[PDB]
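Presented below, as structure tokens, is a lone chain in the form deposited in one PDB entry.
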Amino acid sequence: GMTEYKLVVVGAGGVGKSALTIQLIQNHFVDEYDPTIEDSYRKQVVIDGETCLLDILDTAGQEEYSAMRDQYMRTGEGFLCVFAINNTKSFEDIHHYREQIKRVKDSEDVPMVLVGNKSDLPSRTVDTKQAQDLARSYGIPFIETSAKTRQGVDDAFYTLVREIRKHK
């Protein structure tokens, strides 16, 4: 049967979670997508010759630490933790997202990729070295993306699928 992989995209508002997701789903850059919309989208993709079904949850909205939200995030098998390379605050929030994932999955080994988005922009405030070193601290991959140009998009999502396969 075709394996389905439940992937969750997290990170500060405005980093490009929706743009990245819609790039994967539509193969089109969408510069405007209602920042409140949290939803899930499926795509069949060929990853290393295997057609698998991706189910991507593009998260949005305020923090909610209810039992219900924790149960829903626990459905995720892997997580993209996204920051924007021109927004320091978004990078400094990454540890919070990683800590919430570790808590809800009750594991120090959750499949995860660190994503530095907006790589097409000239306004960098987060050095690539600093981001690579954060991923090294966590023992996870780091991928540089642009939802605008499609740089890194398959790399981010497909690496996460390979991380889940190694974990299973």
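We number the residues from 1 along the sequence you see.
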{"query": "Mean C-alpha temperature factor, higher of 26 to 34 and 60 to 68", "finding": "60 to 68"}
{"query": "Higher-B stretch (mean Cα B-factor, as the entry records it), 98 to 106 or 134 to 142", "finding": "98 to 106"}
{"query": "Criterion, highest CA B-factor; candidates, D120, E50, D39, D55", "finding": "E50"}
{"query": "Chain thirds of CA B-factor: placement of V45", "finding": "highest"}
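What comes next is about the form deposited with a small molecule bound, which is not displayed.
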property: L57: touches the small molecule in the deposited complex, heavy atom cutoff 4.5 angstroms; result: yes
property: 4.5 angstroms heavy atom contact with the small molecule in the deposited complex for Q130; result: no
property: The small molecule contact in the deposited complex: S40, any heavy atom under 4.5 Å; result: yes
